[PDB]
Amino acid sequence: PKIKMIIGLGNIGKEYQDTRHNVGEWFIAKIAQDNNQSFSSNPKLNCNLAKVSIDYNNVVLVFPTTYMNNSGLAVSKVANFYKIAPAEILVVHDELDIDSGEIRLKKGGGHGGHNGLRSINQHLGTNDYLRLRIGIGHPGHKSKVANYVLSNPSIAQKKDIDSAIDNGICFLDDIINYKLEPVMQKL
């Protein structure tokens, strides 16, 4: 099994593009930009798409234009259209459980209260896809979480997130080939 599709989770709109909830979108935006590739609007698939070369592999980059909580509508339509199985999908998302600068890999598991992930599990009928978890840190109490993810990181956090994005890009050939050693934090 190898990765054919990378979903970058986020909310569409200028007011959301800089927020912590959009770091998945930033990840795919950086891949596209590194490759001199633009996204195309695909309203019938509920997303923006770009196809890029990653050395000797290709992937479809997907930014759902649905808003976070209906991301699965886009992922499901795109997977159906390109004939891609859930195991061949990488979903990149903000992760509260690790700090800005940190990045982990995880196959499957529950949504952990993430609406983007819950929606994808619902539309696919399975949670068994690959996840790239980009740390945004945690505000310290659950009651502050919504506002936290809908806010911009500090200058120092943004720099740390950008670095963690670079780190995931450096591990991308391995990620695409399901070589998932816990070897990101040794970088």
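Numbers follow the displayed sequence, beginning with 1.
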Quiz item: Once you work out the mean C-alpha B-factor for both 46-54 and 22-30 from the entry, which is higher?
Solution: 46-54
Exercise. Could you settle it for me: does 102-110 or 86-94 have the higher average Cα B factor in the PDB entry?
Key: 102-110
Self-check item: Relative C-alpha B-factor of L172, binned into the chain's lowest, middle or highest third
Solution: middle
Quiz item: Going by what the PDB entry lists, where does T126 fall on CA B-factor within its chain: lowest, middle or highest third?
Solution: middle
Quiz item: Mind checking which third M5 falls in for C-alpha B-factor across the chain?
Solution: middle
Quiz item: Where does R133 sit by CA temperature factor within its chain: lowest, middle or highest third?
Solution: lowest
Quiz prompt | Ranked against its chain, the third holding the CA B-factor of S41 | solution = middle
